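> Protein chains in written order, with the authors' numbering: chain B, 262 to 350; chain A, 261 to 350.
#1: Should the region 305-318 of chain B be called in touch with the region 326-346 of chain B, which here means at least 3 C-beta pairs below 8 Å?
#2: Excluding sequence positions up to five away, which residues of its chain have a Cβ less than 6 Å from the Cβ of residue 268 of chain A?
#3: In whole angstroms, give me the CA-to-CA distance for residue 330 of chain B and residue 300 of chain B.
#4: Excluding the 5 residues flanking residue 327 of chain A on each side, which residues of the same chain have their C-beta closer than 8 Å to its C-beta?
#5: Report yes or no: is there a C-beta of chain B within less than 9 Å of the C-beta of residue 262 of chain A?
#6: Beta-carbon of residue 312 of chain B versus every beta-carbon of chain A: anything under 9 Å?
#7: Verify the CB distance criterion: does residue 335 of chain B have a CB-CB separation below 9 Å to chain A?
#8: Decide if residue 302 of chain B is buried, meaning its Cβ has at least 16 other Cβ atoms within 10 Å, or exposed.
#9: Which chain A residues are close to residue 269 of chain B, counting only those with a beta carbon under 7 Å from its beta carbon?
#10: With residue 301 of chain A as the anchor, note down where its alpha helix (DSSP H) starts and where it stops.
#11: Out of A:320, A:322, A:290, A:324, which one is the CA nearest neighbour of residue 309 of chain A?
#12: Should residue 288 of chain A go down as buried or exposed, given a rule of 16 or more other Cβ atoms within 10 Å for buried?
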């Protein structure tokens with residue numbers, strides 16, 4: 262009953278600093294976006310990008326410098342950058 | 261401006277009302293958030309909007325959360341009337 266509200270809240274309160282696997286973070290955010298699109302709440306690529314960048318902490322905060330191109334960025338590309346920084350760790 | 265949708269969704273997720281501000285301004289802020297989100301392509305159902313507004317109710321207005329069983333059964337307008345009733349009584 263609250264699946265949409267909890268998913269939107271978790272999308273709004275994303276937080277990543279590299280202490281957990283970047284692949285798991287990517288997959289769980291993708292599940293949030295997928296359940297929200299199936300429940301009637303479409304999240305554009307720019308909006309999902311903005312949320313994920315607001316959630317990046319630590320070295321990943323560096324990625325926020327590209328936040329001007331959140332429209333030009335892709336959720337997949339941002340997730341790949343996160344995976345690269347995580348592989349460097 | 262570019263992040264307007266994210267800011268509106270964040271404000272909708274962290275609503276907070278306890279009666280210290282006018283209920284008209286609170287209703288207006290919730291309605292503006294919902295309207296901008298629907299105009300930008302993010303439709304918030306009546307049940308979802310009710311759940312969001314009720315999660316924010318504090319103080320005596322916490323009593324209103326007891327009607328949370330009727331989220332689909334209740335419109336945003338009815339919740340706003342309840343909030344206005346408690347505020348006018350205060």
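We treat Cβ as the ideally placed atom computed from N, Cα and C, and that holds for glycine.
The structure says:
#1: The way I'd put it, the region 305-318 of chain B does touch the region 326-346 of chain B; three or more beta-carbon pairs between them come closer than 8 Å.
#2: By one-based count along the second chain, residue 268 of chain A stands at place 8. Sequence-distant Cβ neighbours of residue 268 of chain A in its own chain, meaning closer than 6 Å and more than five residues away, are 293, 296, 297.
#3: The residue given as residue 330 of chain B occupies position 69 in the first chain. The residue given as residue 300 of chain B occupies position 39 in the first chain. Their backbone Cα atoms lie some 28 Å apart in a straight line.
#4: Your numbering for residue 327 of chain A matches position 67 in the second chain. Once the five neighbours on either side are set aside, the close Cβ partners of residue 327 of chain A are 314, 334, 339, 342.
#5: Walking along the second chain from the start, residue 262 of chain A turns up at place 2. Cβ-Cβ to chain B under 9 Å: yes for residue 262 of chain A.
#6: Here the question's residue 312 of chain B lines up with position 51 in the first chain. Contact of residue 312 of chain B with chain A is assigned, a C-beta pair being separated by under 9 Å.
#7: Residue mapping note: residue 335 of chain B aligns to position 74 of the first chain, counting from 1. Answer no: the Cβ-Cβ gap between residue 335 of chain B and chain A never drops below 9 Å.
#8: Within the first chain, the letter at position 41 stands for residue 302 of chain B. Buried is the call here.
#9: Here the question's residue 269 of chain B lines up with position 8 in the first chain. Here the neighbours are 269, 273.
#10: The residue labelled residue 301 of chain A in the question sits at position 41 within the second chain. No alpha helix (DSSP H) contains residue 301 of chain A, which DSSP labels as neither H nor E.
#11: Mapped onto the second chain, residue 309 of chain A falls at position 49. Relative to the Cα of residue 309 of chain A, the nearest Cα in the group A:320, A:322, A:290, A:324 belongs to A:290.
#12: Here residue 288 of chain A refers to the residue found at position 28 when the second chain is read from its first residue. Burial is judged here by how many other beta carbons sit within 10 angstroms of a residue's own beta carbon; residue 288 of chain A has fewer than 16 and is exposed.
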